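Pasted below: run.pdb, PDB, C-alpha atoms.
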ATOM      1  CA  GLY A   1     -12.767  -5.161  27.295
ATOM      2  CA  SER A   2     -10.878  -4.447  24.080
ATOM      3  CA  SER A   3     -11.610  -2.852  20.705
ATOM      4  CA  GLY A   4      -9.212  -4.666  18.395
ATOM      5  CA  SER A   5      -6.445  -3.965  15.891
ATOM      6  CA  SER A   6      -7.829  -0.822  14.254
ATOM      7  CA  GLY A   7      -8.325  -1.684  10.595
ATOM      8  CA  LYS A   8      -7.307  -4.964   8.976
ATOM      9  CA  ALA A   9      -4.760  -4.222   6.252
ATOM     10  CA  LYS A  10      -1.019  -3.684   5.825
ATOM     11  CA  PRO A  11       0.405  -0.415   4.431
ATOM     12  CA  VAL A  12       2.192  -0.162   1.082
ATOM     13  CA  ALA A  13       4.229   3.015   1.536
ATOM     14  CA  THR A  14       5.156   5.358   4.386
ATOM     15  CA  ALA A  15       6.636   8.860   4.434
ATOM     16  CA  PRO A  16       7.321  11.291   7.309
ATOM     17  CA  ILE A  17       5.471  14.604   7.056
ATOM     18  CA  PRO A  18       7.644  17.753   7.055
ATOM     19  CA  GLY A  19       7.269  20.063  10.038
ATOM     20  CA  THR A  20       4.737  17.771  11.693
ATOM     21  CA  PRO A  21       5.584  14.519  13.523
ATOM     22  CA  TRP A  22       2.884  12.861  11.420
ATOM     23  CA  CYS A  23       3.757  10.316   8.730
ATOM     24  CA  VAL A  24       1.662   9.723   5.611
ATOM     25  CA  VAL A  25       0.981   6.009   5.150
ATOM     26  CA  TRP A  26      -0.659   4.495   2.072
ATOM     27  CA  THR A  27      -2.507   1.185   1.774
ATOM     28  CA  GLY A  28      -3.455  -1.410  -0.822
ATOM     29  CA  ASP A  29      -7.048  -0.186  -0.929
ATOM     30  CA  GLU A  30      -6.037   2.993  -2.760
ATOM     31  CA  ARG A  31      -6.207   4.792   0.587
ATOM     32  CA  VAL A  32      -3.938   6.635   3.021
ATOM     33  CA  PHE A  33      -3.875   7.512   6.721
ATOM     34  CA  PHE A  34      -1.787   9.589   9.129
ATOM     35  CA  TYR A  35       0.493   8.018  11.736
ATOM     36  CA  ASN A  36       2.469   9.497  14.631
ATOM     37  CA  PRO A  37       5.575   7.560  15.752
ATOM     38  CA  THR A  38       5.971  10.171  18.489
ATOM     39  CA  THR A  39       2.562   9.799  20.132
ATOM     40  CA  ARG A  40       1.798   6.280  18.907
ATOM     41  CA  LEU A  41      -1.341   7.797  17.383
ATOM     42  CA  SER A  42      -2.943   6.307  14.271
ATOM     43  CA  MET A  43      -6.102   7.788  12.759
ATOM     44  CA  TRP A  44      -8.035   7.134   9.548
ATOM     45  CA  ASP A  45      -8.646  10.780   8.653
ATOM     46  CA  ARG A  46      -6.591  13.977   8.501
ATOM     47  CA  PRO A  47      -6.279  15.351  12.060
ATOM     48  CA  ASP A  48      -6.371  19.060  12.900
ATOM     49  CA  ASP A  49      -2.690  19.048  13.858
ATOM     50  CA  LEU A  50      -2.229  18.835  10.088
ATOM     51  CA  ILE A  51      -5.278  20.822   8.984
ATOM     52  CA  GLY A  52      -3.911  24.022   7.478
ATOM     53  CA  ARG A  53      -0.538  22.808   6.232
ATOM     54  CA  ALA A  54       0.020  22.403   2.491
ATOM     55  CA  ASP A  55       2.827  19.848   2.730
ATOM     56  CA  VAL A  56       0.540  17.231   4.278
ATOM     57  CA  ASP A  57      -1.678  17.565   1.206
ATOM     58  CA  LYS A  58       1.060  17.622  -1.434
ATOM     59  CA  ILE A  59       2.372  14.313  -0.094
ATOM     60  CA  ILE A  60      -1.056  12.687  -0.346
ATOM     61  CA  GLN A  61      -1.509  14.289  -3.764
ATOM     62  CA  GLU A  62       1.695  12.836  -5.210
ATOM     63  CA  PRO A  63       2.577   9.586  -3.389
ATOM     64  CA  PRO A  64       6.083   8.083  -3.688
ATOM     65  CA  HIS A  65       5.002   4.466  -4.158
ATOM     66  CA  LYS A  66       3.481   5.717  -7.414
ATOM     67  CA  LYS A  67       6.231   7.823  -8.988
ATOM     68  CA  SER A  68       9.756   6.468  -9.455
ATOM     69  CA  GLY A  69       8.690   3.813 -11.942
ATOM     70  CA  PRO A  70       4.922   3.270 -12.242
ATOM     71  CA  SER A  71       3.598  -0.294 -12.366
ATOM     72  CA  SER A  72       0.318   0.083 -14.252
ATOM     73  CA  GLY A  73       1.546   2.965 -16.388
TER      74      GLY A  73
END
Would you encode the structure as structure tokens?
Amino acid sequence: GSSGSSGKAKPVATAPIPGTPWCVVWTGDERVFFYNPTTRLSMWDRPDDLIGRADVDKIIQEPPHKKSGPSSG
């Protein structure tokens, strides 16, 4: 009677979203999800709680793991 560890992959970078308790988390599969260390909630898509805010987007647009010394570039 269990579902299982949602998704099978470890994150690469994590950053707390401003204003919202959500935290942008990137992965190795050139992806990114939203986590909530306050409500132990972890989704795969952008929840409404964030829908509307620009910050949430900006973060996803320009990830930290990338800047600050690019690997490929």
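Counting all atoms listed in the file and comparing A:1, A:7, A:64, A:52, the residue that lies closest to residue A:24 is A:64.
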I'd like to see the residues matched by the PyMOL selection byres ((chain A and resi 22) around 12) on this file, and ideally I'd get them as an MDAnalysis selection string.
chainID A and resid 14:21 23:25 33:43 46:51 53 55:56 59
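From atom CA of residue A:8 back to atom CA of residue A:72, the distance works out to 25.0 Å.
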What separation in Å, quoted to one decimal, exists between atom CA of residue A:10 and atom CA of residue A:58?
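Distance between the two atoms: 22.6 Å.
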How many Å lie between atom CA of residue A:44 and atom CA of residue A:32, rounded to one decimal?
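Separating atom CA of residue A:44 from atom CA of residue A:32 is a distance of 7.7 Å.
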Here's the selection I'm unsure about, the PyMOL selection byres ((chain A and resi 30) around 12); applied to the file above, which residues does it give, as number ranges by chain?
A: 9-13, 25-29, 31-33, 60, 63, 65-66
